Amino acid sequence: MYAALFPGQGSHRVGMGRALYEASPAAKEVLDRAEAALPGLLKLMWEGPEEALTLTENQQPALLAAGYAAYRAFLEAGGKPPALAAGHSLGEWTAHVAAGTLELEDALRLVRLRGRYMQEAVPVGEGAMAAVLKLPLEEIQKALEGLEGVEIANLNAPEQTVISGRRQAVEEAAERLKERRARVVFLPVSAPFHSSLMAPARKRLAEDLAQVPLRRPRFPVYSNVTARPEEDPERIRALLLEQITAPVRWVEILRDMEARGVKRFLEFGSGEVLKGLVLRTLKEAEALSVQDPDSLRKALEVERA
């Protein structure tokens, strides 16, 4: 058994999903359906420009389509579904498509909107995000006390925390954390994701999400908000919206999965970011990224030779 994990922003790359597309009839179908749903998607995914692909509103649907494609390719090759699933930010939607909570086409349309909403929420230059390394969460929280406009956005791994909000507020936090011997690195993003500044985006997505039918997932899917598996459709709808302005509790999801007994984790779609978080967070675990034929076969081997 294993837990399926789906990547979020930053894990995209030109060429994503192409190898699987050529080697898997299942991946091919998913991706074609994606093209039909959002014309021009594949061109962006396979030949860029990588800047254009990086646009939030393109990146999000790209990652979801690639994640689901890789997952279906895995099942087609004889892999079994996961015991549990989770996704980092945008990835949570992908997990839900995998579990059958959302239809692929609806998901793609929704995340393209999510990305667009999110990007135009804050004026360019007024927001920022930064990764804080080598510093325990508690010290980070202590150093952010009294500071306004700055909050925890990602809980990715012990001593790997992302903060975000008003640029000036983030810069000032960076100074404090730096003095605390922490390694601070600003992210290449203009939008302060997972911060109260995303509120505008949430409200707008709520209107679009309202018209979409949700079903009970085939397997439990974790919520970045609660750090717990969720299976009730309307509660799922609520959490997908709350997620937008809440911190991504990645570390707690991983820990909870381990407590449930999961020792193997497969990251679908592209990049090996989540794989890195898994190993850094849970050490006796095994993690692999299924993003191309070679990685796919490797995953199958460990699950069943």
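Note that residue numbering follows the sequence shown and begins at 1.
message: Regarding 131 to 139 and 97 to 105, which shows the higher C-alpha temperature factor on average in the entry?
response: Higher of the two, by average CA B-factor, is 131 to 139.
message: Please compare 16 to 24 with 280 to 288 and name the stretch with the higher mean C-alpha B-factor in the deposited structure.
response: On average, C-alpha B-factors are higher across 280 to 288.
Highest-ranked of 178, 235, 72, 228 once sorted by CA temperature factor in the record: Of the candidates given, the C-alpha B-factor peaks at 178.
- request: Among 115, 146, 78, 82, single out the one with the highest C-alpha B factor in the record, please.
  value: Of 115, 146, 78, 82, 146 has the highest C-alpha B-factor.
message: When the deposited Cα B-factors of this chain's modelled residues are ordered and cut into thirds, is residue 192 in the lowest, the middle or the highest one?
response: Answer is middle: the recorded C-alpha B-factor places it there.
- prompt: Would the CA B-factor of residue 164 place it in the lowest, middle or highest third of its chain?
  reply: As the PDB entry reports it, the C-alpha B-factor of residue 164 lands in the middle third of its chain.
- request: Using the B-factors in the PDB entry, rank residue 89's C-alpha atom against the chain and give the third, lowest, middle or highest.
  value: CA B-factor rank for residue 89: lowest third.
field: Position of residue 214 among the chain's modelled residues by C-alpha B-factor, lowest, middle or highest third
entry: Its C-alpha B-factor belongs to the middle third of this chain's values.
- request: Could you look up the Cα B-factor of residue 170 in the entry and say which third of the chain it sits in: lowest, middle or highest?
  value: Tercile = highest for this residue's CA B-factor.
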